[PDB]
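Sequence order for the protein chains is L, D, H, K, B, F, A, E, G and C. Going left to right, the first sequence walks through residues 1 to 76 as the authors' numbering numbers them. Going left to right, the second sequence walks through residues 30 to 121 as the authors' numbering numbers them. Going left to right, the third sequence walks through residues 29 to 121 as the authors' numbering numbers them. Going left to right, the fourth sequence walks through residues 422 to 546, 567 to 775 as the authors' numbering numbers them. Going left to right, the fifth sequence walks through residues 13 to 101 as the authors' numbering numbers them. Going left to right, the sixth sequence walks through residues 19 to 102 as the authors' numbering numbers them. Going left to right, the seventh sequence walks through residues 38 to 133 as the authors' numbering numbers them. Going left to right, the eighth sequence walks through residues 37 to 135 as the authors' numbering numbers them. Going left to right, the ninth sequence walks through residues 13 to 117 as the authors' numbering numbers them. Going left to right, the tenth sequence walks through residues 10 to 117 as the authors' numbering numbers them. Read the structure below first, then the notes.
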Amino acid sequence: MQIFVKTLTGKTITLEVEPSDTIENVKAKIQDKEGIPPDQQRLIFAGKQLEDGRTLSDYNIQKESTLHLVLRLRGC
Amino acid sequence: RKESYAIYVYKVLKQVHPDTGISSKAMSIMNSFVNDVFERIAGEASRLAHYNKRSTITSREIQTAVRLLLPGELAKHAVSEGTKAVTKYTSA
Amino acid sequence: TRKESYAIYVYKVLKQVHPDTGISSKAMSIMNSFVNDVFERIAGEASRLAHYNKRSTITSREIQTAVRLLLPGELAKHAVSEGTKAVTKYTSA
Amino acid sequence: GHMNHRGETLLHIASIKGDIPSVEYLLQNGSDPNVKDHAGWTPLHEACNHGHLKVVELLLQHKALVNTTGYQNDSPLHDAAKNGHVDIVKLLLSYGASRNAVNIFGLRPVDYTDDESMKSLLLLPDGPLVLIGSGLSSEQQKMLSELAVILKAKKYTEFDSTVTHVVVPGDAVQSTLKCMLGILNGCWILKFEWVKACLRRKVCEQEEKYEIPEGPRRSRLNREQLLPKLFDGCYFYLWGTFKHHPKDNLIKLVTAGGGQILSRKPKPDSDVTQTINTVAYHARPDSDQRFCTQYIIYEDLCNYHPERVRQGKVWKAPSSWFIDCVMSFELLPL
Amino acid sequence: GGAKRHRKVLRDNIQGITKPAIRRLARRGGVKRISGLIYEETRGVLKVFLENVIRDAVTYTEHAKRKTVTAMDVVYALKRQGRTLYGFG
Amino acid sequence: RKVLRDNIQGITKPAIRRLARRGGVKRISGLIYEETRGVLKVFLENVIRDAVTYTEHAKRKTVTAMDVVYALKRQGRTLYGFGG
Amino acid sequence: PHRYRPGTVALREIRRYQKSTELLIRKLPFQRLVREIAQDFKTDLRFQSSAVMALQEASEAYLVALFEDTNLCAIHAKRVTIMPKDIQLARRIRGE
Amino acid sequence: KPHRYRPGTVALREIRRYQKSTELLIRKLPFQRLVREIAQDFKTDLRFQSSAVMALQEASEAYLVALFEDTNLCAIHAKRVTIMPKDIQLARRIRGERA
Amino acid sequence: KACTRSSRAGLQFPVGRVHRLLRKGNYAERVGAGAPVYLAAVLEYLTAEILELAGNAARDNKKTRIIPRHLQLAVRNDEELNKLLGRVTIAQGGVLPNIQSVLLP
Amino acid sequence: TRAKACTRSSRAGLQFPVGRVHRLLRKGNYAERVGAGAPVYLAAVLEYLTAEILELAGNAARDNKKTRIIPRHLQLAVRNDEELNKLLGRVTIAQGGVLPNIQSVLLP
DNA sequence: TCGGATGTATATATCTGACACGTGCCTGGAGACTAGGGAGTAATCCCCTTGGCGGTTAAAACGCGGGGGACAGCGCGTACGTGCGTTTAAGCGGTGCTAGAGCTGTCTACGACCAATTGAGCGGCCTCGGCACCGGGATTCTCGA
DNA sequence: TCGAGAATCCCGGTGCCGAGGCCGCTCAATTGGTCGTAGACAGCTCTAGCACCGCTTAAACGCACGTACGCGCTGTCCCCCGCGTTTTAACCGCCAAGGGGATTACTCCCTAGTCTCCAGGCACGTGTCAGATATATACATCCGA
């Protein structure tokens, strides 16, 4: 179970995801990949905003689902 | 100075096709397509904002306009693209 | 709140073109939709003529040219004559 | 028989308002309870949703198909749990009937209950006979025609929406348009010996002894058990040009199989492909083919194995695989 | 959870455009003789035209955040396709 | 400055034959070369009237390549490749 | 006993349904068909009493306008009866 | 010895050679003279942009080809293979140009 | 001194209402003073022509009330009106009474 | 006094100019108050349509063993796609020709 | 050409519901004044259209032979029009329920607007290679037995 | 079922010009505030959309029958196509001239905006007569003989 986080530059990354975890841990995992701060990550999938607090299975993110990641304009 | 979407249509081609060019006449057609489709959607949203007595062209009006003009699955794909884009825009 | 239509004006035109002939309700709605459709055709073509020449106003020329473009043949030849006569009677008075 | 504009038969409207005397009246007269309306809800579904028990008891005792699929492949357990009936799901589990069922979304009934009691109670270990020939001879077609006109039947233009019986001259089923439309619709496939049996007795025979025990038989049992078609929630896209089987013939195959022809090549990294959220009923129970049901079909002539058959939720399968699917009435892995 | 509501839908109602109805539309068109295979073709063409018109009438309604397809957004759905309709506006 | 006349015959019979071959026509009747010229004159008049009145509204005397595209757009025949 | 030759009543109905303006399709079956078609596009969509009328007043006027062209094609093939190929050709020419 | 193609095979190779090409099938100068003589009763002494007559021609060739693609289906509808002056009129009446 | 603009030009259609609809329709940033008096005169002529033809049809039909059928006859009987109103569908309008020569015995 | 000037096109990930689309939506008198997300949505729709047409034109050009896209390739790409042909149904792509196809009855 | 059944047009009673007319009012149209800029008008540059002359050859024109298709005629079956008995939902009235259209009031977040800034796009030029063109050898149609 | 000849395609080599790139420049996109108001949202009201039931009744439907004609086959001819020869003007190159398109500067008159005033048309009734509805009568049309 892995996803594809596509940054606005077009470069995508692969990272292990638990099928029943929440967004907080997988958002903090991006810090171990590119050093992105969790407070200002704002990942997007299927046109939704995917705010923290809810699990990933709520948005029905299956395997190899390409997500997005826009950063607030203060550090982009 | 005349304006054209040539700089952009080349960028979109380098995305859809890394090794592919476009002749002057094809850029002139693709620019006319982007201007014609832009005019179609803008006029639809204009007629769509006047039907509801509105005065603001919102993302919803453009979404309905591209749902009206574009046929078949093309509209369902363009709506998703516009949605993905505006979500990344307003989230920054 | 309420709707607006050319019902009274269509009635006044019918009273002078056919003083003994009346009109129905469904036929009045059809005439109201027809006047509202030719309006959106001549005014819709006026926007285009103004933009094509980078103009910002809709003068009498940008309405005469739209009558000439949309109206077919003899109707256009007579419509521009009626419009010019109306403009002449309006500016002089 | 008599039906409503919504496909609701007499038993449907009798079980919706839960009128039990009418239910007994129509069940003791011989009305078939395993019927789906224009949506696909059976009397079991309606009864379970509205909260009625005696009608469910009579339906279960009158040999009604309990493992049925409703509008969005909703099993009766789904509605019975979605509407909070505990004794109802208890009575349903008293007969079993695939407690681990699945809707089009993929949500097993447990994902509906939102109730502790149900979550703890769930997890414990015919009409006109149309006879038309498929690739037969001249005198064979005349024989089928006279057998149809003596047995009160008709002769259609190689297919219609009311075809129930097809025939094969050989022992194995071919791969032409008509046999695919027969298998996907769940018709009876005969080895041309059934007409030979009827011409000796001048009456109808049993179709069980003259049916081939392969994929078509699985499709027949699928149609009889009211389960959905083969290619349900599977979206198919025809890439390039086809010469063996026309693109139009494949389009008709996908339409008859219940699948949607995607008009635009499904990009594996787009949002539309990943927002599908549908499963396939005939996908392998717990393999990597249920959550990813979107196929790009192509004739295996030049483009060989691209070393990647699945990229997310988009599959690249050859047309020979699509034909072998109808051969076996399954979704073979890749 | 779920909608907890069976969605009762209609099906095969294209047969409501019966054979005599198609014959009277033809007779009005000016047709003298009518082949038997054209009724299915006619009702299919009618279903296609309605799906092309109602789809625009529905999205004209979904935009206004309504749930009743009015008569003014149907004539608007017909004006877009060129089939202007006088009498309802 | 020059007065021109009878120039529709300039659309020669082999030109119409080439147009029909491009359209997919395999065999052409001898009377097609006179009806096609009439249809061509009708269409060219319908487009050129709109182009010329566009030019007259623009207070010009040179029918540009843009007002012709506009005249083709008015008749539902938008032409790509000449917008600029 | 007394039987209008095949075609006499046909012309008698052509002369009848052309001078009349009443709707030739039954209103309730067309309303049910509209509700059956619109259910694919949005669930629980309601229709005004005038919406279905406006949706049928221009729907049969399109079918009648199609059948004029189907006749003009059946006559082109030196025939009297119209066939599915006539409607197919009319739609292909008209851009449908 | 005098190899003479059958009637009908040169037309097929002429269709195959003009459907894959994009060049204008009508000579430029006669079409230009036709346009200039048509635009003589509307407004006399009128100039034409070099890209205007080409745009008129680029649209006119496509129009006459789409008409010849529609009038050929009428010829096949009548169980024929040649287009007659009676089917162009039909294709223009169905399209809405002579009704 | 309340002489309306529709009475100055001698028209019967509203000049003020046409001006308001041209200003509200968002057709241009500015609107000339001679545009409403011109557009209200073309609409007054088109109406005075379609109604004239409809009244003629009603007189030839032995009636004194214009109905949608008479409007359809007036629109489809004139060559210019049939080209202008060629794509419209007049509700309750019917069809021009005509039969092909091949169908008549 | 001012942070980095990140253009709106790169903020939405799309390639077309959000700023130019916004300027043209405002300066074409389509409405009085053009929204902020409307130019982004319209630029995204235009970019998707352009990407689809260009992908189909490149696929048509690779079939002709050519890299540079010509109007003929655009005509072969639009007229071969059902949806894109419905969109451009009344459009003449100059120097595009027609689709190569002969009627099955005309062939011997 | 004549006789009988019937569709179609025409004159008359009554009749009812939609059309023509009267009235309150309020909101949109008209007057008057002011301010700003969009467009009319004059002058200027150049460039892009028009016109002409000379040579070439490839498309156009014309004559001719032939065969393939357009068209007329005839036969055959079959499928469609037509009439009759049956049925089956369409349609109209009457009532009931309520979901949602429509209007009203708050307010707040979003978009117009102006000032300062800068960098991305646009025009000018500059170079090189994908593509047009030509020649040679090896696969498909096509005529013609 | 075979033999000579034409067209299509692939590979290799050459060369004019347009696509991609670079640089100077500028004006339009971006950012930052600031303020006005458009519409999102909550709330209330009413009506029309939906649903049902009962009764009648005209149209949809199934079936039997006759025949109109759609289609297939045959024969005739004629005219359109393929080809060779003559013709001719489209096209390319070059040169010249000037009419108008684009631009800029100046100005002024026309139209948006605002305040005020007023009466024209719409909602609401309300009386009334013209086309339907039925009844009776006469003329032209189709079918059979």
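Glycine included, C-beta positions come from ideal geometry on N, C-alpha and C.
Assign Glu-97 (chain A) to one of two classes, buried (16 or more other C-beta atoms within 10 Å of its C-beta) or exposed (fewer than that).
It is buried - the Cβ of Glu-97 (chain A) has at least 16 other Cβ atoms within 10 Å.
Would you call the CB atoms of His-75 (chain B) and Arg-89 (chain D) closer than 8 Å?
Their beta carbons are under 8 Å apart, which means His-75 (chain B) touches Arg-89 (chain D) by this criterion.
Under a three-way DSSP split, which group does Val-87 (chain F) fall into?
It is helical.
Residues that DSSP places opposite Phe-45 (chain L) in a beta bridge:
DSSP, once it has assigned bridges, lists L:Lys-48 as partnering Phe-45 (chain L).
DSSP puts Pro-759 (chain K) in a beta bridge; with which residues?
DSSP lists K:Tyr-739 as partners of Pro-759 (chain K).
I'd like to know if the segment 589-598 of chain K and the segment 530-544 of chain K are in contact, where contact means that at least 3 CB-CB pairs between them fall below 8 Å.
With the cut-off at 8 Å, the segment 589-598 of chain K and the segment 530-544 of chain K do not touch.
Relative to the alpha-carbon of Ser-57 (chain D), which residue among D:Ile-36, D:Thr-49, D:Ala-71 has its alpha-carbon at the smallest distance?
When D:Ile-36, D:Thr-49, D:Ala-71 are compared, the shortest CA-CA separation from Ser-57 (chain D) is found for D:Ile-36.
Where DSSP assigns a beta bridge to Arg-45 (chain B), which residues make up the other side?
Bridge partners of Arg-45 (chain B): A:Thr-118.
N- and C-terminal bounds of the alpha helix (DSSP H) containing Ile-30 (chain L)
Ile-30 (chain L): not part of any alpha helix (DSSP H); DSSP gives it neither H nor E.
Using DSSP with H/G/I as helix, E/B as strand and the rest coil, what is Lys-59 (chain B)?
DSSP places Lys-59 (chain B) in the helix class (H, G or I) of the three-state scheme.
Going along the chain, which residues of its own chain have a beta-carbon closer than 8 Å to the beta-carbon of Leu-42 (chain H), five neighbours each way excluded?
If we look at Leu-42 (chain H) and ignore the five residues flanking it on each side, its Cβ neighbours are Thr-49, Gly-50, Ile-51.
Name, in chain order, the residues that DSSP records as bridge partners for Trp-629 (chain K).
Bridge partners of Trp-629 (chain K): K:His-606.
Delimiting residues of the alpha helix (DSSP H) encompassing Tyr-54 (chain E):
Annotation for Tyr-54 (chain E): the continuous alpha helix (DSSP H) segment containing it runs 45-54.
Just how far apart, CA to CA, sit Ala-111 (chain E) and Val-107 (chain C)?
Note on geometry: alpha-carbon atoms of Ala-111 (chain E) and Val-107 (chain C) lie some 20 Å from one another.
Do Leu-775 (chain K) and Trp-756 (chain K) have their beta-carbon atoms positioned less than 8 Å apart in this structure?
In terms of Cβ geometry, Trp-756 (chain K) and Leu-775 (chain K) form a close pair [threshold 8 Å].
Within its chain, find whatever has a CB closer than 8 Å to the CB of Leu-23 (chain C); leave out the 5 residues flanking it on each side and keep chain order.
Answer for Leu-23 (chain C): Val-49, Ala-52, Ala-53, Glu-56, listed in chain order.
How would you call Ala-613 (chain K), buried or exposed, if buried means at least 16 neighbouring beta carbons within 10 angstroms?
Around the beta carbon of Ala-613 (chain K), fewer than 16 other beta carbons sit within 10 angstroms, so the residue counts as exposed.
Against chain E: residues of the segment 105-116 of chain C by CB proximity under 9 Å:
The segment 105-116 of chain C vs chain E, Cβ under 9 Å: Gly-105, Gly-106, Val-107, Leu-108, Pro-109, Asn-110, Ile-111, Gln-112, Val-114, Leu-115, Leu-116.
Would a C-beta distance cut-off of 8 Å place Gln-55 (chain E) and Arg-40 (chain F) closer than the cut-off?
Taking 8 Å as the cut-off, the Cβ atoms of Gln-55 (chain E) and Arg-40 (chain F) count as close.
Starting from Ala-38 (chain F), find everything on chain E with Cβ-Cβ shorter than 8 Å and list it in chain order.
Chain order gives the chain E residues near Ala-38 (chain F) as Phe-104, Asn-108, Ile-119, where near means a beta carbon separation below 8 Å.
Do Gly-428 (chain K) and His-459 (chain K) count as a contact pair if the criterion is CB distance below 8 Å?
Taking C-beta atoms as the reference points, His-459 (chain K) and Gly-428 (chain K) count as a pair closer than 8 Å.
Would you decide whether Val-66 (chain H) is buried or exposed? Buried here means 16 or more other CB atoms lie within 10 Å of its CB.
That one is buried.
Exposed or buried, what is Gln-84 (chain G) when buried is set at 16 or more other beta-carbons lying within 10 Å of its beta-carbon?
Its Cβ being crowded by 16 or more others within 10 Å, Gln-84 (chain G) is buried.
Do we get a CB-CB distance below 8 Å when we pair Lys-31 (chain B) with the residues of chain A?
It does not; no Cβ of chain A falls within 8 Å.
Going straight from the alpha carbon of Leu-56 (chain L) to that of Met-1 (chain L), what length do you get?
Taking the CA atoms as reference points, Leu-56 (chain L) sits about 12 Å from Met-1 (chain L).
Are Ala-114 (chain D) and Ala-14 (chain C) closer than 8 Å when you measure CB to CB?
Going by C-beta atoms, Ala-114 (chain D) is not nearer than 8 Å to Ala-14 (chain C).
CA-CA distance, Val-108 (chain H) and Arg-83 (chain E)?
C-alpha separation (whole angstroms): 26 Å.
In the DSSP output, what is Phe-84 (chain E) paired with across the bridge?
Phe-84 (chain E) pairs with F:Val-81.
For a contact defined as C-beta to C-beta under 9 Å, what are the partners of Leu-73 (chain L) on chain C?
By Cβ distance, chain C contributes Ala-12, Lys-13, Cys-15, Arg-20.
Given 8 Å as the limit, is there contact between the segment 504-522 of chain K and the segment 475-494 of chain K, that is, 3 or more CB pairs closer than that?
The segment 504-522 of chain K is in contact with the segment 475-494 of chain K.
Since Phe-62 (chain D) is in the beta strand (DSSP E), which residue starts that stretch and which ends it?
From DSSP, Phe-62 (chain D) is part of no beta strand (DSSP E) but of the alpha helix (DSSP H) over 53-80.
How about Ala-55 (chain D): is its Cβ closer than 7 Å to a heavy atom in the ligand PLP?
You won't find the ligand PLP in this model; it holds no ligand whatsoever.
Between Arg-88 (chain C) and chain D, is there a C-beta pair that is closer than 8 Å?
Not closer than 8 Å to any Cβ of chain D, the Cβ of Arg-88 (chain C) fails to qualify, so no.
Expected contact under 8 Å - CB spacing of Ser-61 (chain D) and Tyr-98 (chain F) to nearest Å:
So it is a contact: roughly 4 Å between Cβ atoms.
Between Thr-489 (chain K) and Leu-528 (chain K), how many whole angstroms is the CB-CB distance? I'm expecting something under 8 Å.
17 Å between Cβ atoms; not a contact.
Going by beta-carbon coordinates alone, are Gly-111 (chain D) and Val-95 (chain D) separated by less than 8 Å?
At the C-beta level, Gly-111 (chain D) and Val-95 (chain D) come within 8 Å of one another.
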